[PDB]
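**Q**
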Amino acid sequence: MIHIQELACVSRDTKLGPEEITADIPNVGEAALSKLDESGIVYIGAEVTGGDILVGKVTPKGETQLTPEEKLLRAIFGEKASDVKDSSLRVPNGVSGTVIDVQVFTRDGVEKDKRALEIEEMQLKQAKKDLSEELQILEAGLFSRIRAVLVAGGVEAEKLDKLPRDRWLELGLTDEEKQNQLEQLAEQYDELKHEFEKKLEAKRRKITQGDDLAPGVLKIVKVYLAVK
Amino acid sequence: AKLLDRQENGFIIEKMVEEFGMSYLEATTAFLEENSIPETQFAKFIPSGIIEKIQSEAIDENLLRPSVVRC
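Protein sequence lines, in the order shown, are assigned to chains B and A.
Counting from 830, one number per residue, gives the positions in the first sequence under the entry's author numbering.
Counting from 32, one number per residue, gives the positions in the second sequence under the entry's author numbering.
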């Protein structure tokens, strides 16, 4: 009835050089190339039909395969004229639906295009944001208690609320089990804040780092199509 | 012994498109072959007037990467 058909487009290393995922595809009208993004990939929410290009790929041709007619215009326009053949991923015959998601996997090492970066750039802003709010909570919490415990015992009622929050950890209280409470809060805060921070790292590490793909494959683009 | 005079070869070319009614491309691809000139030397034997008429076919036929059509 209705189902999500996962279609993949893979670009590998050939004996004739590396394949490219791109909108820069020869032998196809503007009609086809029109529907694709700067990165040669179809737009999410597109109403695609059999034949339409979902992911633009290209493959190097190699001497043997060059018609003298193209050897000539290669000489006229420069090496990268008729360098490659269209091997992009199209929608199979008969099938029809609407793209609801695309997923780009890039191997460790490959240059990240514009599309990829913006996405990467965005996921960083968040990973970071997630931390600020995480930290805001951590402070607003523990520090509400430090005050409480602080006031109770050695009250600076109004005085305390002035000096920046970072100056509270400084102030001390009449030796007492109430100083040991102020001890742990300090430890806890730092220990935790640290932990939360080294989590932002492990996040950035993953975001930028390449994907563990098979040997030979450079990048994989998985299109998710809703077929009725 | 000398074919050099491009104008010559150029006038000689369009003759083939007018009779054999073949693609400007196929044409000049042949002209070269028949005289044993490599494509890499089209510059010294082919008139840049006739080239233009190939460039035209290429676009109209999308024989090239959109990337190169622009520049």
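We put the beta carbon where it would ideally sit given N, CA and C, even for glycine.
Rounded to whole angstroms, how far is the Cβ of residue 73 (chain A) from the Cβ of residue 44 (chain A), which I believe are closer than 8 Å?
**A** That pair is no contact at about 11 Å.
**Q** What is the residue span of the beta strand (DSSP E) that residue 842 (chain B) lies within?
**A** 832-843
**Q** Using C-beta distances below 6 Å, list every residue in its chain close to residue 882 (chain B), excluding the 5 sequence neighbours before and after it, in chain order.
**A** 861, 917 and 919
**Q** Quick check on residue 911 (chain B): buried or exposed, where buried means 16 or more other Cβ atoms within 10 Å of its Cβ?
**A** buried
**Q** Using three-state DSSP, classify residue 1003 (chain B) as helix, strand or coil.
**A** coil
**Q** Could you tell me whether any Cβ in chain A is nearer than 8 Å to the Cβ of residue 898 (chain B)?
**A** yes
**Q** Please give me, in chain order, every unbroken run of the beta strand (DSSP E) with length at least 3 that falls completely inside the stretch 877-901 of chain B.
**A** 882-884 and 886-889
**Q** Measure from the alpha carbon of residue 887 (chain B) to the alpha carbon of each residue in A:64, A:40 and A:98, then state which is nearest.
**A** A:98
**Q** Which first and last residues belong to the alpha helix (DSSP H) in which residue 978 (chain B) is found?
**A** 943-980
**Q** Where do the N-terminal and C-terminal ends of the beta strand (DSSP E) with residue 929 (chain B) fall, by residue?
**A** 925-935
**Q** May I ask you to list the residues that DSSP assigns as paired with residue 847 (chain B)?
**A** Note: residue 847 (chain B) is bridge-paired with B:842 in the DSSP secondary-structure output.
**Q** Assuming contact is defined by CB atoms lying nearer than 8 Å, are residue 1051 (chain B) and residue 835 (chain B) in contact in what I supplied?
**A** yes
**Q** If contacts are defined as beta-carbon pairs under 8 Å, then residue 863 (chain B) and residue 1056 (chain B) qualify, I think. What distance do you get, rounded to the angstrom?
**A** Their Cβ separation, rounded to whole angstroms, is 23 Å, which puts residue 863 (chain B) and residue 1056 (chain B) out of contact at 8 Å.
**Q** Could you tell me whether any Cβ in chain B is nearer than 8 Å to the Cβ of residue 62 (chain A)?
**A** no
**Q** Skipping 5 residues on each side, what residues in its chain have a beta carbon closer than 8 Å to that of residue 60 (chain A)?
**A** 70
**Q** The stretch 849-863 of chain B: which residues have C-beta closer than 9 Å to a C-beta of chain A, in chain order?
**A** Per Cβ criterion, the list reads 851, 852, 853, 854, 855, 856, 857, 858, 859 and 862.
**Q** For residue 966 (chain B), which residues in chain A fall below 7 Å Cβ to Cβ?
**A** Per Cβ cutoff of 7 Å: no residues; residue 966 (chain B) is ~50 Å from chain A at best.
**Q** Flag residue 96 (chain A) as yes if its beta-carbon sits less than 8 Å from any beta-carbon of chain B, otherwise no.
**A** So yes, residue 96 (chain A) belongs to the interface.
**Q** Residue 973 (chain B) to residue 1012 (chain B), Cα distance in whole Å?
**A** 15 Å
**Q** Between residue 1021 (chain B) and chain A, is the shortest Cβ-Cβ distance under 8 Å, so that the two count as touching?
**A** no
**Q** Can you find the residues in the same chain that come closer than 8 Å, C-beta to C-beta, to residue 922 (chain B), ignoring five residues on each side of it along the sequence?
**A** 879 and 880
**Q** Can you tell me whether DSSP reads residue 909 (chain B) as helix, strand or coil?
**A** coil
**Q** For residue 847 (chain B), count neighbouring Cβ atoms within 10 angstroms of its own Cβ and tell me buried if that reaches 16, exposed if not.
**A** Classification for residue 847 (chain B): exposed.
**Q** In whole angstroms, what separates the C-alpha of residue 47 (chain A) from that of residue 39 (chain A)?
**A** 13 Å
**Q** Name the chain A residues whose beta carbon is nearer than 8 Å to that of residue 909 (chain B)?
**A** 96, 98 and 99
**Q** Less than 7 Å between C-beta atoms, sequence neighbours within five positions excluded: which residues of the same chain meet that for residue 1040 (chain B)?
**A** 934, 935 and 936
**Q** Could you say if the stretch 1029-1047 of chain B and the stretch 993-1013 of chain B meet the contact criterion of at least three C-beta pairs nearer than 8 Å?
**A** no
**Q** If we call anything under 8 Å between Cβ atoms a contact, is residue 1018 (chain B) one with residue 967 (chain B)?
**A** Result yes, Cβ atoms of residue 1018 (chain B) and residue 967 (chain B) sit closer than 8 Å.
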